[PDB]
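The structure under discussion appears below in the form of structure tokens.
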Amino acid sequence: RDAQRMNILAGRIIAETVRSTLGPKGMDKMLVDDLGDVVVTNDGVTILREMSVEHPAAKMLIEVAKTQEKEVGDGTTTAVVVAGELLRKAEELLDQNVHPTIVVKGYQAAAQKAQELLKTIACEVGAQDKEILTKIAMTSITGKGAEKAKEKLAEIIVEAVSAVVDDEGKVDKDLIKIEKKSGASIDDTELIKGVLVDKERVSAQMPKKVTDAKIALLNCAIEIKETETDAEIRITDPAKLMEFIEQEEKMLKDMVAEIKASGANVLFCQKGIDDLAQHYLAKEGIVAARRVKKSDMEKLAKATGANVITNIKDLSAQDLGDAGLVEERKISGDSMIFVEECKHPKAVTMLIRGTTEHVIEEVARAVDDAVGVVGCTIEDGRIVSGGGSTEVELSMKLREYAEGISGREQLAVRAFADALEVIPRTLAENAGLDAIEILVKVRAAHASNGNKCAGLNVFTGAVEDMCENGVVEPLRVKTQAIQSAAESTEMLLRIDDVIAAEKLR
């Protein structure tokens with residue numbers, strides 16, 4: 001066998017695994033491992049990331065989807081479906097004694113023409129409109145499947161990303177923290193100005209609320225410190241069975257006196273604290289938290305401007321952090337610390353609620369991907385008509401450019417246009433509508449004089465203007481998906497030799 005013929009089949013099987021999961025409605029898959037854990041979700045890269053690959057060329061497909069997640073986020077599933085059709089059409093075309101080299105030139109040249117043609121189909125919008133951004137987030141969260149309480153979540157996510165808009169245009173995603181916790185309903189979700197630390201209090205005797213506090217970090221143990229340089233502990237008392245115990249209490253009761261002298265107040269230690277030491281700290285009233293993740297100490301210092309210090313002895317004033325209002329109230333579940341950074345706010349958090357942990361995990365990924373979808377829109381400022389209305393137009397206009405081309409390469413350009421027409425068919429197959437009878441209806445509605453926004457709605461189930469429904473999305477998801485699809489195929493169609501060379505580092 002020509003070997004290369006087998007590499008094409010290894011890519012189609014990966015596309016069929018995530019083909020019947022696009023659009024608002026669609027049956028989701030279920031993962032299972034040898035351990036026993038089970039998790040279900042509709043996201044794209046979340047599923048392919050867990051699949052166990054085997055063939056070497058199979059990794060080239062998931063590689064494209066991985067790079068698309070770090071850039072924008074949503075739209076990784078469609079990138080694999082469009083690429084699958086390019087391989088199926090190439091099989092029938094290649095079978096006709098067509099060399100695989102001239103076929104690459106067709107997709108490469110055709111992809112460049114569609115890139116500039118789609119730029120003119122888009123429409124410019126404002127860079128901070130409170131009405132256009134609300135409709136963009138609706139199509140993103142709706143794609144993951146959550147028709148229960150989404151109209152309110154759209155206005156909340158758009159209000160948080162607005163504060164991240166810098167003074168130049170760039171948008172950052174690290175300033176948007178996500179928090180998941182059970183509660184009672186999805187409507188309980190709110191936007192917190194400060195951060196949120198989900199931890200318990202070590203002593204209930206400590207103050208419940210204090211104003212005008214002072215942040216103080218400590219990513220290291222808090223107890224007696226040993227000599228750094230080569231030395232030995234100094235102790236020669238007769239009753240040494242109690243001296244070391246009092247020494248620890250002194251380090252937790254005396255050192256704190258010097259820390260507060262520099263304006264400090266509350267503390268946030270990393271490891272635990274001595275048992276007897278908590279007794280004195282309880283009466284003194286010093287907030288603290290034992291056993292905290294290292295990732296938590298980084299977001300606070302980066303947002304508040306503090307410095308992560310390890311030596312409890314070297315704690316000057318500049319090493320601390322300003323505050324405004326600290327409190328560890330409770331609401332629907334266990335208490336949680338709410339540190340408000342009103343002096344220099346930059347990052348925010350979103351506390352998600354729900355009836356069961358298995359439900360909040362689904363919407364947790366939708367809100368995360370929405371930041372990239374809406375974030376890039378504020379940076380560029382140009383959206384397009386979603387719902388397959390923008391892709392169906394290229395399939396009809398690209399044929400005009402193929403007429404000018406001559407030779408065998410012209411046949412490859414026509415196949416690219418038909419292959420691109422794949423998102424409107426599968427979108428209706430999973431819904432329930434026909435897969436052919438409706439295609440001719442949309443083609444006639446948008447033949448020439450028709451508007452450039454007609455598509456298909458799975459809800460009503462009839463052709464109509466999709467722009468009026470409010471289903472839109474930024475062009476950053478399509479311009480990058482089509483650009484990567486035309487280049488990814490070049491790696492599989494060109495490769496042919498498979499040498500079993502061992503030891504390659």
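As shown in the structure tokens, the chain order sets the letters A, B, ...; within each chain, residues go from 1, and ligands are also counted from 1 in the order they appear.
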Exercise: region 16-33 of chain A partners within 6 Å, only C-alpha atoms, chain neighbours under 5 positions left out, as a ChimeraX atom specification: /A:38-40,42,142-143,145,427,430
Convert the current residue selection to file output with N, CA, C and O atoms, as a CSV table (one decimal), in the first residue's frame.
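Produced file out.csv, reproduced below:
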chain,number,residue,atom,x,y,z
A,38,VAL,N,-15.6,9.8,36.0
A,38,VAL,CA,-16.4,10.0,34.9
A,38,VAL,C,-16.8,11.5,34.8
A,38,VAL,O,-17.1,12.1,35.9
A,39,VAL,N,-16.8,12.1,33.6
A,39,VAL,CA,-17.1,13.5,33.5
A,39,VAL,C,-17.7,13.7,32.1
A,39,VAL,O,-17.2,13.1,31.1
A,40,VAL,N,-18.7,14.6,32.0
A,40,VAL,CA,-19.4,14.9,30.7
A,40,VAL,C,-19.3,16.4,30.5
A,40,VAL,O,-19.3,17.2,31.4
A,42,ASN,N,-19.5,19.4,26.8
A,42,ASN,CA,-19.7,19.7,25.4
A,42,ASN,C,-18.6,20.5,24.8
A,42,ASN,O,-18.6,20.6,23.5
A,142,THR,N,-24.7,29.9,24.8
A,142,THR,CA,-25.8,29.1,24.3
A,142,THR,C,-25.2,27.9,23.5
A,142,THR,O,-25.8,26.8,23.4
A,143,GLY,N,-24.0,28.0,22.9
A,143,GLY,CA,-23.4,26.9,22.2
A,143,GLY,C,-23.0,25.8,23.1
A,143,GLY,O,-23.0,24.6,22.6
A,145,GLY,N,-24.7,24.8,25.7
A,145,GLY,CA,-25.9,24.2,26.2
A,145,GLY,C,-26.3,24.6,27.7
A,145,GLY,O,-25.7,24.0,28.6
A,427,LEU,N,-25.5,21.4,11.5
A,427,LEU,CA,-26.2,22.2,12.5
A,427,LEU,C,-27.7,21.8,12.5
A,427,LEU,O,-28.3,21.8,13.6
A,430,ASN,N,-28.4,17.6,13.8
A,430,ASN,CA,-28.5,17.3,15.2
A,430,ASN,C,-29.8,17.9,15.8
A,430,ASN,O,-30.3,17.5,16.8
Report as a PDB file with C-alpha atoms, in the first residue's frame all protein, DNA and RNA residues lying within 8 Å of residue 64 (chain A), evaluated on only C-alpha atoms, omitting residues in the same chain fewer than 4 positions from it.
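Result file around35.pdb:
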ATOM      1  CA  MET A  60      -1.278  16.926  14.017  1.00  0.00           C
ATOM      2  CA  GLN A  68      -6.811  27.892  18.955  1.00  0.00           C
ATOM      3  CA  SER A 484      -5.173  27.144  10.229  1.00  0.00           C
ATOM      4  CA  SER A 488      -2.794  21.982   8.548  1.00  0.00           C
TER       5      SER A 488
END
Using DSSP on the backbone, list every residue of region 88-195 of chain A that comes out as strand (DSSP E or B), and give them as a ChimeraX atom specification. /A:123-124,176-180,190-192
Given the choices A:492, A:90, A:163, A:384, which gets closest to residue 132 (chain A) if the distance is worked out from only C-alpha atoms? A:384
Do a neighbour search on residue 283 (chain A) at 12 Å with only C-alpha atoms, toss out local chain neighbours closer than 4 positions, and write the hits as a PyMOL selection string. chain A and resi 203-207+253+277-279+287
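Proximity to region 349-355 of chain A at 8 Å, evaluated using only C-alpha atoms and with sequence-adjacent residues fewer than 2 positions away removed, yields residues 176, 177, 178, 179, 180, 181, 182, 183, 184, 185, 186, 187, 188, 189, 190, 191, 192, 193, 194, 195, 196, 347, 357, 359, 360 and 364 of chain A.
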With only C-alpha atoms as the atoms that count, which of A:467, A:417, A:217, A:499 lies nearest to residue 135 (chain A)?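 Distance minimum relative to residue 135 (chain A) lands on A:467.
Shell of residue 210 (chain A) at 8 Å, with only C-alpha atoms counted and residues fewer than 4 places along the chain excluded, is residues 325, 326 and 327 of chain A.
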What separates CA of residue 147 (chain A) and CA of residue 465 (chain A) is a distance of 22.0 Å
Selected residue, from A:329, A:208, A:99, A:199, that lies nearest to residue 289 (chain A) when counting only C-alpha atoms: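 Closest to residue 289 (chain A), using only C-alpha atoms: A:199.
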Å distance separating CA of residue 273 (chain A) from CA of residue 222 (chain A), one decimal place: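 Computed distance, CA of residue 273 (chain A) to CA of residue 222 (chain A), equals 6.7 Å.
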Hey, which bits of region 403-466 of chain A sit within 10 Å of region 100-121 of chain A, and for each residue what's the closest pair of atoms and how far apart in Å (one decimal), counting only C-alpha atoms, rows by chain and increasing number, as a Markdown table?
| residue | atom | partner | partner_atom | distance |
| --- | --- | --- | --- | --- |
| A:408 | CA | A:102 | CA | 7.9 |
| A:409 | CA | A:106 | CA | 5.8 |
| A:410 | CA | A:106 | CA | 7.4 |
| A:411 | CA | A:106 | CA | 8.5 |
| A:412 | CA | A:106 | CA | 5.5 |
| A:413 | CA | A:106 | CA | 5.3 |
| A:414 | CA | A:106 | CA | 9.0 |
| A:415 | CA | A:107 | CA | 9.1 |
| A:416 | CA | A:107 | CA | 6.7 |
| A:417 | CA | A:110 | CA | 8.7 |
| A:452 | CA | A:121 | CA | 7.5 |
| A:453 | CA | A:121 | CA | 9.5 |
Identify, on the basis of only C-alpha atoms, every residue whose closest approach to residue 439 (chain A) does not exceed 9 Å; exclude the query and any residue fewer than 4 positions from it along the same chain; express the result as a PDB file with C-alpha atoms, in the first residue's frame.
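The file below, around-v7.pdb, is the result:
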ATOM      1  CA  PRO A 424     -25.173  24.528   7.976  1.00  0.00           C
ATOM      2  CA  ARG A 425     -25.910  20.840   7.295  1.00  0.00           C
ATOM      3  CA  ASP A 434     -33.980  17.921   7.007  1.00  0.00           C
ATOM      4  CA  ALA A 435     -30.425  17.890   5.651  1.00  0.00           C
ATOM      5  CA  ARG A 443     -29.482  29.080  -1.278  1.00  0.00           C
ATOM      6  CA  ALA A 444     -32.398  30.754  -3.069  1.00  0.00           C
TER       7      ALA A 444
END
Taking only C-alpha atoms into account, name the residue in A:318, A:274, A:252, A:356 that is nearest to residue 286 (chain A). A:252
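For the choices A:477, A:256, A:224, A:122, the atom-to-atom distance to residue 369 (chain A) is smallest for A:477 when using only C-alpha atoms.
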